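> The file below is protein-v2.json, JSON, C-alpha atoms and all ligand atoms:
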```json
[["chain", "number", "residue", "atom", "x", "y", "z"],
["A", 1, "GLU", "CA", 0.00, 0.00, 0.00],
["A", 2, "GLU", "CA", 2.36, 2.71, 1.25],
["A", 3, "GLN", "CA", 5.20, 1.07, -0.69],
["A", 4, "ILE", "CA", 3.70, 2.22, -4.01],
["A", 5, "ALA", "CA", 4.20, 5.86, -3.00],
["A", 6, "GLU", "CA", 7.84, 5.19, -2.09],
["A", 7, "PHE", "CA", 8.29, 3.52, -5.48],
["A", 8, "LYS", "CA", 6.69, 6.55, -7.16],
["A", 9, "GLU", "CA", 9.25, 8.76, -5.41],
["A", 10, "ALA", "CA", 12.03, 6.48, -6.68],
["A", 11, "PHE", "CA", 10.47, 6.69, -10.15],
["A", 12, "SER", "CA", 10.18, 10.49, -10.10],
["A", 13, "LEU", "CA", 13.91, 10.90, -9.38],
["A", 14, "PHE", "CA", 14.74, 9.23, -12.70],
["A", 15, "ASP", "CA", 11.85, 11.00, -14.47],
["A", 16, "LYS", "CA", 13.29, 14.50, -14.17],
["A", 17, "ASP", "CA", 11.13, 16.22, -16.79],
["A", 18, "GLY", "CA", 8.03, 14.56, -15.34],
["A", 19, "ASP", "CA", 6.48, 13.30, -18.58],
["A", 20, "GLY", "CA", 5.71, 9.96, -16.89],
["A", 21, "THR", "CA", 8.42, 8.00, -18.73],
["A", 22, "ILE", "CA", 12.03, 7.11, -17.93],
["A", 23, "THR", "CA", 14.17, 7.64, -21.02],
["A", 24, "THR", "CA", 17.58, 6.08, -21.60],
["A", 25, "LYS", "CA", 19.18, 9.51, -21.17],
["A", 26, "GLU", "CA", 17.26, 10.11, -17.93],
["A", 27, "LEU", "CA", 18.45, 6.75, -16.63],
["A", 28, "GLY", "CA", 22.02, 7.53, -17.69],
["A", 29, "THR", "CA", 22.45, 10.76, -15.72],
["A", 30, "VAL", "CA", 21.55, 9.12, -12.41],
["A", 31, "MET", "CA", 23.89, 6.19, -13.08],
["A", 32, "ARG", "CA", 26.69, 8.65, -13.85],
["A", 33, "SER", "CA", 25.88, 10.56, -10.65],
["A", 34, "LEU", "CA", 26.39, 7.30, -8.72],
["A", 35, "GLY", "CA", 29.87, 6.97, -10.24],
["A", 36, "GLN", "CA", 28.88, 4.36, -12.84],
["A", 37, "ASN", "CA", 29.76, 4.40, -16.53],
["A", 38, "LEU", "CA", 22.12, 0.99, -20.76],
["A", 39, "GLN", "CA", 19.74, 0.00, -23.56],
["A", 40, "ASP", "CA", 19.44, -3.48, -22.06],
["A", 41, "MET", "CA", 18.44, -1.93, -18.72],
["A", 42, "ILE", "CA", 15.51, -0.11, -20.33],
["A", 43, "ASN", "CA", 14.47, -3.08, -22.47],
["A", 44, "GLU", "CA", 14.55, -5.41, -19.45],
["A", 45, "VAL", "CA", 11.69, -3.50, -17.78],
["A", 46, "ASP", "CA", 9.70, -2.20, -20.78],
["A", 47, "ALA", "CA", 6.73, -4.54, -21.07],
["A", 48, "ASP", "CA", 4.96, -2.55, -23.80],
["A", 49, "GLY", "CA", 8.18, -2.27, -25.81],
["A", 50, "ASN", "CA", 8.02, 1.42, -26.73],
["A", 51, "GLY", "CA", 11.63, 1.97, -25.61],
["A", 52, "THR", "CA", 10.78, 3.89, -22.43],
["A", 53, "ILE", "CA", 9.74, 2.87, -18.92],
["A", 54, "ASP", "CA", 6.43, 4.08, -17.51],
["A", 55, "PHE", "CA", 5.52, 3.79, -13.83],
["A", 56, "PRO", "CA", 3.41, 0.57, -14.07],
["A", 57, "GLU", "CA", 6.39, -1.25, -15.59],
["A", 58, "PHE", "CA", 8.68, 0.29, -12.96],
["A", 59, "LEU", "CA", 6.27, -0.91, -10.26],
["A", 60, "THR", "CA", 6.36, -4.51, -11.52],
["A", 61, "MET", "CA", 10.17, -4.60, -11.64],
["A", 62, "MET", "CA", 10.59, -3.01, -8.21],
["A", 63, "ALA", "CA", 7.87, -5.16, -6.63],
["A", 64, "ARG", "CA", 9.29, -8.33, -8.18],
["A", 65, "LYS", "CA", 12.69, -7.46, -6.69],
["A", 66, "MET", "CA", 10.98, -7.67, -3.28],
["A", 67, "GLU", "CA", 20.37, -10.08, -0.27],
["A", 68, "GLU", "CA", 22.02, -9.81, -3.68],
["A", 69, "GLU", "CA", 20.51, -6.36, -4.26],
["A", 70, "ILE", "CA", 22.37, -4.89, -1.27],
["A", 71, "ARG", "CA", 25.65, -6.35, -2.57],
["A", 72, "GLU", "CA", 25.19, -4.53, -5.88],
["A", 73, "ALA", "CA", 24.41, -1.39, -3.87],
["A", 74, "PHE", "CA", 27.64, -1.89, -1.92],
["A", 75, "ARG", "CA", 29.53, -2.21, -5.22],
["A", 76, "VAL", "CA", 28.09, 1.05, -6.58],
["A", 77, "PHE", "CA", 29.05, 2.97, -3.43],
["A", 78, "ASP", "CA", 32.53, 1.38, -3.23],
["A", 79, "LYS", "CA", 33.95, 3.57, -5.99],
["A", 80, "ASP", "CA", 37.60, 2.49, -5.81],
["A", 81, "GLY", "CA", 36.56, -1.14, -5.28],
["A", 82, "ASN", "CA", 38.75, -1.79, -2.23],
["A", 83, "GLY", "CA", 36.09, -3.78, -0.37],
["A", 84, "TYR", "CA", 35.16, -0.87, 1.91],
["A", 85, "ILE", "CA", 32.87, 2.16, 1.76],
["A", 86, "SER", "CA", 34.88, 5.07, 3.11],
["A", 87, "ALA", "CA", 33.43, 8.23, 4.65],
["A", 88, "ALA", "CA", 34.06, 10.23, 1.47],
["A", 89, "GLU", "CA", 32.48, 7.63, -0.81],
["A", 90, "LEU", "CA", 29.33, 7.32, 1.30],
["A", 91, "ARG", "CA", 29.09, 11.11, 1.64],
["A", 92, "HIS", "CA", 29.55, 11.59, -2.11],
["A", 93, "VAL", "CA", 26.77, 9.21, -3.20],
["A", 94, "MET", "CA", 24.33, 10.40, -0.54],
["A", 95, "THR", "CA", 25.05, 14.08, -1.23],
["A", 96, "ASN", "CA", 24.55, 13.58, -4.98],
["A", 97, "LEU", "CA", 21.40, 11.51, -4.48],
["A", 98, "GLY", "CA", 20.11, 13.68, -1.64],
["A", 99, "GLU", "CA", 20.53, 16.91, -3.60],
["A", 100, "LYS", "CA", 18.75, 15.42, -6.62],
["A", 101, "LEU", "CA", 15.79, 14.33, -4.48],
["A", 102, "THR", "CA", 15.71, 17.83, -2.98],
["A", 103, "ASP", "CA", 15.48, 19.20, -6.53],
["A", 104, "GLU", "CA", 12.57, 16.85, -7.25],
["A", 105, "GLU", "CA", 10.92, 17.96, -4.00],
["A", 106, "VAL", "CA", 11.37, 21.60, -5.04],
["A", 107, "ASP", "CA", 9.80, 21.00, -8.46],
["A", 108, "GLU", "CA", 6.84, 19.29, -6.79],
["A", 109, "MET", "CA", 6.40, 22.20, -4.38],
["A", 110, "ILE", "CA", 6.46, 24.69, -7.25],
["A", 111, "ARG", "CA", 3.99, 22.64, -9.30],
["A", 112, "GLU", "CA", 1.70, 22.14, -6.29],
["A", 113, "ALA", "CA", 1.61, 25.90, -5.62],
["A", 114, "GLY", "CA", 0.33, 26.65, -9.13],
["A", 115, "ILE", "CA", 3.48, 28.29, -10.49],
["A", 116, "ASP", "CA", 4.36, 25.17, -12.51],
["A", 117, "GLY", "CA", 7.24, 26.76, -14.40],
["A", 118, "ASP", "CA", 7.31, 30.16, -16.13],
["A", 119, "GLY", "CA", 4.82, 31.40, -13.53],
["A", 120, "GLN", "CA", 5.06, 34.06, -10.86],
["A", 121, "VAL", "CA", 3.52, 35.23, -7.58],
["A", 122, "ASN", "CA", 3.21, 38.74, -6.20],
["A", 123, "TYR", "CA", 3.84, 39.70, -2.57],
["A", 124, "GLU", "CA", 0.26, 38.91, -1.53],
["A", 125, "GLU", "CA", 0.41, 35.43, -3.06],
["A", 126, "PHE", "CA", 3.92, 34.90, -1.64],
["A", 127, "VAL", "CA", 2.70, 35.61, 1.90],
["A", 128, "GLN", "CA", -0.26, 33.25, 1.52],
["A", 129, "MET", "CA", 1.95, 30.47, 0.14],
["A", 130, "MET", "CA", 4.76, 31.01, 2.66],
["A", 131, "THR", "CA", 2.51, 31.07, 5.75],
["A", 132, "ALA", "CA", -0.36, 28.88, 7.00],
["B", 1, "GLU", "CA", 20.66, -8.99, -10.90],
["B", 2, "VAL", "CA", 22.92, -5.98, -11.44],
["B", 3, "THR", "CA", 20.16, -4.18, -13.36],
["B", 4, "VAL", "CA", 17.42, -4.19, -10.71],
["B", 5, "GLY", "CA", 20.13, -3.86, -8.06],
["B", 6, "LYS", "CA", 21.20, -0.60, -9.68],
["B", 7, "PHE", "CA", 17.60, 0.65, -9.52],
["B", 8, "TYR", "CA", 17.40, -0.74, -5.98],
["B", 9, "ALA", "CA", 20.57, 1.14, -4.98],
["B", 10, "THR", "CA", 18.88, 4.53, -5.33],
["B", 11, "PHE", "CA", 15.82, 3.19, -3.51],
["B", 12, "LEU", "CA", 17.92, 2.05, -0.55],
["B", 13, "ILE", "CA", 19.63, 5.43, -0.14],
["B", 14, "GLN", "CA", 16.23, 7.10, -0.53],
["B", 15, "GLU", "CA", 14.78, 4.85, 2.18],
["B", 16, "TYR", "CA", 17.73, 5.60, 4.47],
["B", 17, "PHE", "CA", 16.89, 9.30, 4.10],
["B", 18, "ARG", "CA", 13.23, 8.62, 4.91],
["B", 19, "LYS", "CA", 14.06, 6.46, 7.93],
["B", 20, "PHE", "CA", 16.53, 9.08, 9.18],
["B", 21, "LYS", "CA", 13.87, 11.78, 8.78],
["B", 22, "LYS", "CA", 11.54, 10.00, 11.21],
["B", 23, "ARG", "CA", 14.07, 10.62, 14.00],
["C", 201, "CA", "CA", 10.92, 11.60, -19.00],
["C", 202, "CA", "CA", 6.58, 1.28, -21.77],
["C", 203, "CA", "CA", 36.33, 2.07, -1.02]]
```
Mind turning the file's structure into structure tokens?
Ligand SMILES: [Ca+2]
Ligand SMILES: [Ca+2]
Ligand SMILES: [Ca+2]

Amino acid sequence: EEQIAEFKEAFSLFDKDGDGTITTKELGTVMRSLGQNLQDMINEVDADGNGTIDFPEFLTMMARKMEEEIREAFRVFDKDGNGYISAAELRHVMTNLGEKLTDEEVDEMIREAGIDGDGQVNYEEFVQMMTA
Amino acid sequence: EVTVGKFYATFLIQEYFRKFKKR
């Protein structure tokens, strides 16, 4: 139940432009931000076969995944591959991923407040939005 | 699976943020 919302938040981080689909370029920027260096990844989840991943397909893959997954996570965070995650390597991945989620949270706050890009608010609307 | 594990890697860090927020 509540896990679907968490999966939607994981989906929205990849779907930066918010069109409802994860492109191969949108999947590539996050992988590069994790220190990694692609078409098979998209094709492995695309059930409709249009070349992009929508949320229902992302839900099936993430739900079907729920040991070995944490090992792959350890490998991604262990950048130099020395068998340990140092303070700098943990900080780097969590700062990069944390800042990107903050950006997604900002875009959701702007869309929710009716500005939704290229919009504006005067002082009266700013006070109403920034209080209560 | 390295593919789903890569997608799961971001989810784990995201869940660590959420669990740390409720504290
Ligand atoms: Ca997109
Ligand atoms: Ca699709
Ligand atoms: Ca290391």
> Sorted by chain and rising residue number, list the residues of chain A at most 10 Å from ligand CA 201 (chain C) (counting only C-alpha atoms and all ligand atoms), each with its closest atom pair and distance in Å to one decimal, as JSON lines.

```
{"residue": "A:12", "atom": "CA", "partner": "C:CA201", "partner_atom": "CA", "distance": 9.0}
{"residue": "A:14", "atom": "CA", "partner": "C:CA201", "partner_atom": "CA", "distance": 7.7}
{"residue": "A:15", "atom": "CA", "partner": "C:CA201", "partner_atom": "CA", "distance": 4.7}
{"residue": "A:16", "atom": "CA", "partner": "C:CA201", "partner_atom": "CA", "distance": 6.1}
{"residue": "A:17", "atom": "CA", "partner": "C:CA201", "partner_atom": "CA", "distance": 5.1}
{"residue": "A:18", "atom": "CA", "partner": "C:CA201", "partner_atom": "CA", "distance": 5.5}
{"residue": "A:19", "atom": "CA", "partner": "C:CA201", "partner_atom": "CA", "distance": 4.8}
{"residue": "A:20", "atom": "CA", "partner": "C:CA201", "partner_atom": "CA", "distance": 5.9}
{"residue": "A:21", "atom": "CA", "partner": "C:CA201", "partner_atom": "CA", "distance": 4.4}
{"residue": "A:22", "atom": "CA", "partner": "C:CA201", "partner_atom": "CA", "distance": 4.7}
{"residue": "A:23", "atom": "CA", "partner": "C:CA201", "partner_atom": "CA", "distance": 5.5}
{"residue": "A:24", "atom": "CA", "partner": "C:CA201", "partner_atom": "CA", "distance": 9.0}
{"residue": "A:25", "atom": "CA", "partner": "C:CA201", "partner_atom": "CA", "distance": 8.8}
{"residue": "A:26", "atom": "CA", "partner": "C:CA201", "partner_atom": "CA", "distance": 6.6}
{"residue": "A:27", "atom": "CA", "partner": "C:CA201", "partner_atom": "CA", "distance": 9.3}
{"residue": "A:52", "atom": "CA", "partner": "C:CA201", "partner_atom": "CA", "distance": 8.4}
{"residue": "A:53", "atom": "CA", "partner": "C:CA201", "partner_atom": "CA", "distance": 8.8}
{"residue": "A:54", "atom": "CA", "partner": "C:CA201", "partner_atom": "CA", "distance": 8.9}
```
> Can you pull out the residues contacting segment 13-22 of chain B? Cut-off 9 Å, using all atoms listed in the file, and skip same-chain residues under 3 positions away; I want them as a list in words.
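The filter keeps residues 6, 9, 10, 93, 94, 97, 98 and 101 of chain A; 8, 9 and 10 of chain B.
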> Could you give me, as JSON, numbers by chain, every polymer residue with an atom at most 7 Å away from an atom of ligand CA 202 (chain C), counting all atoms listed in the file?
{"A": [46, 47, 48, 49, 50, 51, 52, 53, 54, 57]}
> Using all atoms listed in the file, which residues have at least one atom no more than 12 Å from ligand CA 203 (chain C)? Output them as a list in words.
residues 74, 75, 76, 77, 78, 79, 80, 81, 82, 83, 84, 85, 86, 87, 88, 89, 90, 91 and 92 of chain A
> Find the distance between atom CA of residue 13 of chain A and atom CA of residue 116 of chain A and write it in Å to one decimal.
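Between atom CA of residue 13 of chain A and atom CA of residue 116 of chain A the gap works out to 17.5 Å.
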> Quick one: which chain A residues come within 6 Å of chain B, and what is the nearest atom pair for each with the distance in Å to one decimal, counting only C-alpha atoms, rows ordered by chain and ascending number, as CSV?

```
residue,atom,partner,partner_atom,distance
A:10,CA,B:11,CA,5.9
A:69,CA,B:5,CA,4.6
A:72,CA,B:5,CA,5.6
A:73,CA,B:9,CA,4.7
```
> Enter the distance from atom CA of residue 123 of chain A to atom CA of residue 107 of chain A, in Å, rounded to one decimal.
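According to the coordinates, atom CA of residue 123 of chain A and atom CA of residue 107 of chain A are separated by 20.5 Å.
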> Using all atoms listed in the file, determine which residues lie at most 7 Å from residue 55 of chain A, disregarding the query and same-chain residues fewer than 3 positions distant; provide the list as a VMD selection string.
chain A and resid 11 20 58 to 59
> Atom CA of residue 96 of chain A and atom CA of residue 33 of chain A, how far apart in Å?
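Computed distance, atom CA of residue 33 of chain A to atom CA of residue 96 of chain A, equals 6.6 Å.
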> For a quick check of understanding, using all atoms listed in the file, which of A:104, A:125, A:34, A:7 has the smallest distance to residue 61 of chain A?
A:7
> Restricting the calculation to all atoms listed in the file, which member of A:129, A:106, A:5, A:45 is positioned closest to residue 65 of chain A?
A:45
